[PDB]
């Protein structure tokens, strides 16, 4: 069954969770090529592994910047979780290591670019296009949640398209293994559940709310709650009140009313029947879940490649040195990394 598959998945995950891989490469083993994305204390570069000629995405965090942002424990979470998972829509760690200045995490490279880029350019996705992506998010959450993992940063910016037009759910800076309830204020304003905004304890159900926002944004081309400033966005989120575009099909609207549900006792994903309330919703009726997992389904859009290590589906960022101090920084803070 699904249950059987997940039981084994847990066994695989827990072994790595309890005994994390550590120090499995060195910077000098990679040739850096291009910055693919940037972050607060971090950035991701395309690199080439010299021994194999394989291309990877290398996330580089500045240890001092992590400490100033109070993201030490969150960073340890990201690395510990990503070295332990394995799922077709996740990019597990191939390698990690650290040096005097930086932390490094090396993962599968998705050459298709961010969903964000294509969604913004094209404007919106058709319902079948939106559903193709949603399905993979549904499956990924089912996997993560069964591992007691909450993801906490669903948005198109983090959804990477691969060469076959399938999705990688990336950036686990806020992902956490937690049984029961947690309190940290984190995520992205447009995608925050009202629980988070109202500083309640919360759980995995916030990932299912964020799914509602995503599917809305994919199908409309804009989010259900937007404004110029985060406060105004939080006002809209807690108000209740979601307006749907006229072109939203009947089934879509119903699915979204059930994901974007402020009442936790009624929010899909969170009920007695779990993920199956979503999986068996009429909007997903044409979804062959096994075939999505297996990647047998034909992608509704497939990225325009013209080489391996081609980066035309990414924006251009200024290229910053990767500097390495002669002194070790923050050694204690990151001892287990």
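Residue numbers count along the first chain shown, from 1.
As stated in the PDB record, which stretch has the larger average Cα B-factor, 147 to 155 or 224 to 232?
On average, C-alpha B-factors are higher across 224 to 232.
Stretch with the greater mean C-alpha B-factor as recorded in the entry, comparing 1 to 9 against 328 to 336
Looking at the record's C-alpha B-factors, the answer is 1 to 9.
Between 66, 58, 27, 285, let me know which has the highest C-alpha B-factor in the entry?
Answer for 66, 58, 27, 285: 285, with the highest C-alpha B-factor.
Name the one of 242, 210, 110, 103 with the greatest CA B-factor according to the PDB entry.
Max CA B-factor in the entry, restricted to 242, 210, 110, 103: 242.
Which third, lowest, middle or highest, does the C-alpha temperature factor of residue 251 belong to within its own chain?
It falls in the top third of the chain.
Chain thirds of CA B-factor: placement of residue 290
Its C-alpha B-factor, which the entry lists for residue 290, ranks in the highest third among residues of this chain.
Relative to the other modelled residues of the same chain, rank the CA B-factor of residue 278 and answer lowest, middle or highest third.
For residue 278, whose C-alpha B-factor we compare with every modelled residue in the chain, the answer is the highest third.
Taking the C-alpha B-factors as the PDB entry records them, is residue 53 in the lowest, middle or highest third of its chain?
According to the entry, residue 53 has a C-alpha B-factor in the chain's lowest third.
Residue 203 - which third its CA temperature factor falls in, relative to the rest of the chain:
Tercile = middle for this residue's CA B-factor.
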